[PDB]
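Read through the structure below, which is laid out as structure tokens, and then see the notes.
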Amino acid sequence: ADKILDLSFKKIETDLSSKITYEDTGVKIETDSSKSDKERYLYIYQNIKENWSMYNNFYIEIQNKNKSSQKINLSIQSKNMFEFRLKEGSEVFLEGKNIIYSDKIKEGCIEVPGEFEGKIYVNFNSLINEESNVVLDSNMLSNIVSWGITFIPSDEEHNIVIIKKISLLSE
Amino acid sequence: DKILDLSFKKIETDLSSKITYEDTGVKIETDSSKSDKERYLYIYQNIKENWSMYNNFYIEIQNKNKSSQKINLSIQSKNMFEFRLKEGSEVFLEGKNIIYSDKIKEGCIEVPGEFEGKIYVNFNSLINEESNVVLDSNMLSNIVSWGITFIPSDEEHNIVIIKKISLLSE
Ligand SMILES: [Cl-]
Ligand SMILES: [Cl-]
Ligand SMILES: [Cl-]
Ligand SMILES: [Cl-]
Ligand SMILES: [Cl-]
Ligand SMILES: [Cl-]
Ligand SMILES: [Cl-]
Ligand SMILES: [Cl-]
Ligand SMILES: [Cl-]
């Protein structure tokens with residue numbers, strides 16, 4: 001039950017000029033920039049409201065028409081707050097015309113080699129929320145740093161409570 | 001099941017206390033004044049663990065007084081989010097003579113007099129007030145935005161073709 005994501009190019013934050021063309025399938029993205037500009041980028045995003053708990057990864061069918069390697073990265077947002085980016089060092093899988101290999105996320109990016117024409121596998125455990133360190137397929141329980149009990153004694157001058165045991169149950 | 005280590009640090013507000021660690025649990029003795037309405041004893045332990053595999057908080061406690069006590073929970077995640085009892089949530093207090101489902105009143109749990117049983121609290125009854133995020137809620141549950149950034153090579157004219165972007169179930 002693969003879920004195909006709608007590719008809309010109405011929302012773009014960039015510092016380049018480009019020509020986007022829809023074809024039978026997918027879309028061609030042409031950019032004109034310079035070697036000097038080391039801040040160059042073309043961020044393309046969408047606004048949604050979907051539940052993705054039944055999926056475990058991104059499958060990006062991309063093709064590079066240049067001999068030089070490209071670079072791409074992902075960013076997901078949950079609860080209009082938590083932003084998830086590629087976890088540095090995490091393994092991603094690139095399947096080309098004849099070879100499939102593992103490459104680690106470097107400087108927050110995925111290297112797309114020259115003439116690459118294939119698909120890219122990025123598991124959701126590869127996207128993380130920096131601040132919380134919570135990976136996209138987990139929850140806040142994944143990184144508990146403190147637990148405590150607040151006690152508000154009765155109007156009696158001296159109160160005593162006995163705590164025999166505290167544990168965490170799981171179905 | 002994971003038996004939490006009963007080792008604490010404490011904050012005292014308008015009261016003094018003693019924490020003795022006996023073989024039959026930890027005894028908490030407080031000395032305070034009926035007039036000091038800001039009385040409050042916070043006992044906690046800082047750690048670095050993963051409780052994803054768990055779903056509930058088991059607390060067996062005994063109240064030595066005839067007057068009710070009030071307890072609250074505070075679980076913190078590295079991002080400095082503190083989760084507390086959700087207002088209107090349900091908690092189960094199983095005593096010897098009385099057993100029932102209880103409600104969170106003013107963010108606290110009423111511990112009846114001479115109570116001597118167990119209190120069950122599900123992690124979905126813990127929430128961060130400002131974010132309004134439940135402690136066991138998965139991130140994938142509510143996705144509001146997703147994006148892809150393209151960083152071109154040094155070549156002046158770059159062309160990348162994206163035929164398809166999907167989510168695979170596993
Ligand atoms: Cl979409
Ligand atoms: Cl949507
Ligand atoms: Cl290839
Ligand atoms: Cl290359
Ligand atoms: Cl002791
Ligand atoms: Cl501690
Ligand atoms: Cl009881
Ligand atoms: Cl509260
Ligand atoms: Cl809060």
Side-chain angles (χ1 to χ4, degrees), chain A residues 5-16 18 20 26-35 37-48 52 55-66 68-78 81-96 100-114 116-138, chain B residues 139-140 143-155 158-168:
Chain A
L5 300 190
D6 296 359
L7 301 191
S8 181
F9 298 65
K10 297 292 186 177
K11 302 176 182 177
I12 298 181
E13 300 187 300
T14 181
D15 61 357
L16 304 189
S18 173
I20 300 178
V27 52
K28 177 188 298 178
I29 304 177
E30 307 182 65
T31 58
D32 296 298
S33 55
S34 59
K35 180 179 181 180
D37 182 1
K38 298 181 180 180
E39 302 300 298
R40 59 186 181 184
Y41 67 111
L42 179 74
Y43 179 56
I44 309 176
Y45 64 114
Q46 313 300 353
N47 297 122
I48 66 176
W52 292 359
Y55 302 112
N56 299 5
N57 63 296
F58 277 111
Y59 198 59
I60 301 180
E61 181 177 358
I62 185 179
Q63 178 180 1
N64 179 3
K65 288 292 184 178
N66 298 65
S68 302
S69 60
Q70 298 293 356
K71 298 182 298 181
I72 68 180
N73 64 66
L74 294 187
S75 55
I76 313 300
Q77 185 176 239
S78 179
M81 291 162 52
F82 302 119
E83 190 66 58
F84 300 66
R85 300 290 297 185
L86 291 188
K87 179 179 179 179
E88 189 68 0
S90 297
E91 302 177 0
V92 294
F93 299 99
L94 306 84
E95 177 181 358
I100 182 179
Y101 57 107
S102 180
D103 184 2
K104 299 180 178 60
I105 293 175
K106 302 181 181 179
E107 299 178 358
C109 288
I110 295 175
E111 177 179 358
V112 180
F116 181 68
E117 180 178 359
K119 311 180 184 62
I120 303 181
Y121 169 113
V122 178
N123 186 297
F124 297 147
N125 61 1
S126 300
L127 296 82
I128 188 176
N129 177 250
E130 182 179 359
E131 298 297 359
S132 60
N133 183 64
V134 173
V135 298
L136 181 72
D137 66 359
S138 182
Chain B
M139 298 292 111
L140 290 187
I143 303 300
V144 297
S145 181
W146 75 254
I148 186 177
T149 300
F150 171 56
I151 304 181
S153 66
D154 294 355
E155 295 178 57
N158 295 248
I159 307 180
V160 293
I161 306 179
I162 305 179
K163 289 182 176 300
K164 180 180 180 181
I165 302 180
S166 58
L167 300 191
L168 302 195

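Chain letters run A, B, ... following the sequence lines, proteins first, then strands; residues in each count from 1. Just so it is clear, the values below take in all heavy atoms, side chains as well, and ignore hydrogens, waters and symmetry mates.
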Please work out which of the three classes, parallel, tilted or perpendicular, describes the rings of A/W52 and A/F58, given edges at 30° and 60°.
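Geometry flag for A/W52 against A/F58: perpendicular rings.
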
Take the angle between the ring planes of A/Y43 and A/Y45 and call it parallel below 30°, perpendicular above 60°, tilted in between.
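Ring orientation, 0 to 90° scale: parallel.
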
Could you report the tightest heavy-atom contact between A/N73 and A/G108, atom names first, then the distance?
CB-O, 3.2 Å

Show the numbers, then the answer: is there a side-chain contact (heavy atoms from CB on, under 4.5 Å) between A/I29 and A/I44?
CA-CA 11 Å; A/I29 304 177; A/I44 309 176; 4.1 Å; yes

What I'd like to find out is whether the side chain of [X] reaches to under 4.5 Å of the side chain of [Y], using heavy atoms alone.
X	Y	value
A/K11	A/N47	yes
A/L16	A/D37	yes
B/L140	A/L136	yes
A/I20	A/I12	yes
A/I120	A/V112	yes
B/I165	B/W146	yes
A/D15	A/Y41	yes

Contacts of A/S18 that satisfy side-chain hydrogen bond (donor to acceptor under 3.5 Å, both in side chains) - sequence neighbours left out:
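Checked A/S18 against side-chain hydrogen bond (donor to acceptor under 3.5 Å, both in side chains); zero matches.
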
Report the distance from atom [atom1] of [X] to atom [atom2] of [Y], rounding to the nearest 0.5 Å.
X	Y	atom1	atom2	answer
B/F150	A/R40	CZ	CZ	9.0 Å
A/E88	A/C109	CD	SG	9.0 Å
B/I151	A/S69	CD1	OG	11.5 Å
A/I128	A/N133	CD1	CG	4.0 Å
B/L168	A/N123	CG	CG	10.0 Å

Could you walk me through whether A/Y101 and A/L94 pass side-chain contact (heavy atoms from CB on, under 4.5 Å), step by step?
CA-CA 6 Å; A/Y101 57 107; A/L94 306 84; 3.6 Å; yes

After noting the C-alpha distance and the side-chain angles of A/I60 and B/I148, does the key distance pass the side-chain contact (heavy atoms from CB on, under 4.5 Å) rule?
CA-CA 10 Å; A/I60 301 180; B/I148 186 177; 4.2 Å; yes

Before you tell me yes or no, could you show the steps for A/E111 and A/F116 under side-chain contact (heavy atoms from CB on, under 4.5 Å), namely the whole-Å CA-CA distance, both residues' side-chain angles and the distance that decides it to 0.1 Å?
CA-CA 10 Å; A/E111 177 179 358; A/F116 181 68; over 6 Å; no

